[PDB]
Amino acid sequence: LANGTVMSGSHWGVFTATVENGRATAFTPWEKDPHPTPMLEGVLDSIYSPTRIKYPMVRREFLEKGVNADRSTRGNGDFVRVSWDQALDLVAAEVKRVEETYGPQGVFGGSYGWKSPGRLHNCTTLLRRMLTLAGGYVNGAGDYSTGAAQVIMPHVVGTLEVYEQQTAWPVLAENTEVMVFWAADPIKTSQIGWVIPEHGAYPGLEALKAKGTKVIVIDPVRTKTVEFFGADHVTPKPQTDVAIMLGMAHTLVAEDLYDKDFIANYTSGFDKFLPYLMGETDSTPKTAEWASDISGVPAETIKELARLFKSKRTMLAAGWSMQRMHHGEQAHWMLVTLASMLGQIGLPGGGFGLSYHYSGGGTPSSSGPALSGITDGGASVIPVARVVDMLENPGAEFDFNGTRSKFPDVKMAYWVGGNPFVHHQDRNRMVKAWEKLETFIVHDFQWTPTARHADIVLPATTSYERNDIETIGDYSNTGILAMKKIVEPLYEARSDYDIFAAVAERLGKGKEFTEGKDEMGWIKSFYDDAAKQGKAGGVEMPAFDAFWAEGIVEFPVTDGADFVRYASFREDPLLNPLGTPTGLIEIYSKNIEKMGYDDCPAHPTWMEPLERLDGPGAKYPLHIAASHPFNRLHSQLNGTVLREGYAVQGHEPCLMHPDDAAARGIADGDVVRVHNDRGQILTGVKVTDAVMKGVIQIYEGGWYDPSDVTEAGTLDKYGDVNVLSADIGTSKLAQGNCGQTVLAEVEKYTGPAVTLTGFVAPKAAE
């Protein structure tokens, strides 16, 4: 057996693995990583944990009855182990049957998911490459991260904005006087990257602290971002940020402080927005006092913040939680409007930024080339979060960005690299709608709730059991890494590439799928490509084997540290207008006006959400800050040793304010039932004043562990927050998810003891 070290990467960073007798025994972070993630050891563990999928399995009821199977029992763990050949024969037969019987509209291939990095072993693209050869499929559009923001921004500033390079960190360090983190916790969220992360946000944050720059955080939770900076902390009732922003804008107009020149020369539609702000249209001036009545933030505080932002070089760095809510489009649209009134857009250190908390935005871009990877080669596309609406309403129409389409009639769903039975909203609704599917196939290397609900489960390998290549730095393009194989594939696990190649072979399309190339053949072609472009661009790169021997190639930064977003638009709006219909920032959109959507007006507007903390006639008393986990990447790593560090009596933790806990006779460490009209879950409480009164925090990603799959509304024993969320569109414009629009009640759990079954494999899978 092998003994030695091997370097590779992941969504958590670059690392060196120590291998002893063919087993990985430790992951040590890259010496050049400025801030490694404590989660790295959970990544190692995920390769060997009790929930690792060993063999290909088929649900017994499905094996026995096929389409006539009782579908209500999916998830009960009654699986039968089969050989790879029979499993592959079955999958290929089912794909062909559905394609022939129902056409491409019958196969849902959106397969949303974070998967693992890698240009070759991209499971979701490989799935689609195979389905394309099979006859076609229904795809998903957008994502769960910025579903609302990515649709509204192109109407306001002309581009998606959320996934674009930010004004460089060093520019902020030298110019910014006030840094505001609005609904953003960069310390927590910068641990991860879509491609390999360089953790560039930490050096930037540390430089701001060293400078003595003033930091203000607007978040209902006193996060580590607040603590690291000793920041001025404002806590609004969740879902009221728009009211606060209107109050600030009203103040700036009232005191005649706003930048009339910026407004006049760089925006369009402020004249149509002003009457609303003044209360002419509805007899309700949007004053700081009015904002206070809604948000709970003192009127004088709202006024002082506005005056401060107006007089200092201020950067508004906003997160995405506030748009993952009902009417989410309004949040960043109003933020940009407020930013316009301040008039600092395009100035070094001023304006706004929507990606400082994500994958290193702001970290200086190098002059390196882009790496390419394998490609894939009723409406045929639906907004990702409308997946259950589609299942329930085949043939019904839906609105999206000014167009109206019909839902296709789906009979099969194939999922890889994703965990919809954890990520999607309103679990109970989803569990029932899933019965409309004749066949559900899943590939994963961990027994997630999604894998447990499959008709056919195929064991995939992790990135550590294969070779790949990937970029370091979504925005910085720091370099290219050789993701070298660390250990041999465990049990009967196979790469998604091999599995799909075998299925395609059975469809008579093996050669079309593989292109006659093997793993290393594909990898070399991607590298050689980047190398051709590199040399043409003046960047020197080694030959393939030389690159592989060293394991990494880094690129030089030329002028990337000087980047200022919107500077050219500000310098000359005549030569460099924006990509909007007017060429200016659209505070009022004529196009959106023409759409006639009741839930998405033509300018930023405060609207009552479905449910909110202290809202009129609200039924439940507490808002659940269902945000991103500190110690998991969504659901990833829940089934590893890391869980021991945060579980409370074996359950997902629930942070609760001492006043809220006392009113209920709840003590620190108690197991509590969190419930509303949609569902009920058990969590373990940690009493802390970190969360504002009226708000509890239960992160998304907990592995749903239902008591009885056949019992409607069954209790989730572990703590999947999505058992409590509603499944509705942000509005007709974007149809984004509202995963953080959640109210619930909590009571100490005194019922019978439950046994956690989510972190051990199904008995038959052992």
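Residue numbers run from 1 along the displayed sequence.
Enquirer: What number of residues from the deposited sequence go unmodelled in the gap from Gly377 to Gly378, classed as none, 1 to 3, 4 to 9, or 10 or more?
Expert: The entry has 10 or more unmodelled residues between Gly377 and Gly378.
Enquirer: Tell me which stretch has the larger mean Cα B-factor in this entry, 26-34 or 726-734.
Expert: It is 26-34.
Enquirer: In the PDB record, does 599-607 or 663-671 carry the higher mean Cα temperature factor?
Expert: It is 663-671.
Enquirer: Out of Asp185, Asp498, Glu397, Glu465, whose C-alpha atom has the biggest B factor in the entry?
Expert: By C-alpha B-factor in the record, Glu397 ranks first.
Enquirer: Hey, out of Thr337, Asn428, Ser321, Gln86, whose CA B-factor is highest in the deposited coordinates?
Expert: So the option with the highest C-alpha B-factor is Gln86.
Enquirer: Among the chain's modelled residues, which third holds the C-alpha B-factor of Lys272?
Expert: For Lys272, whose C-alpha B-factor we compare with every modelled residue in the chain, the answer is the highest third.
Enquirer: Hey, what third does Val14 fall into on Cα B-factor, ranked over its chain?
Expert: Its C-alpha B-factor belongs to the lowest third of this chain's values.
Enquirer: Once the chain's modelled residues are ordered by C-alpha B factor and cut into thirds, is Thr5 in the lowest, middle or highest one?
Expert: Its C-alpha B-factor, which the entry lists for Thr5, ranks in the middle third among residues of this chain.
Enquirer: Taking the C-alpha B-factors as the PDB entry records them, is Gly402 in the lowest, middle or highest third of its chain?
Expert: Ranked within chain, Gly402 CA B lands in the highest tercile.
Enquirer: Check where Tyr48 lands among this chain's C-alpha B-factors and tell me if it's the lowest, middle or highest third.
Expert: Lowest third - that is where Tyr48 ends up once the chain's C-alpha B-factors are sorted.
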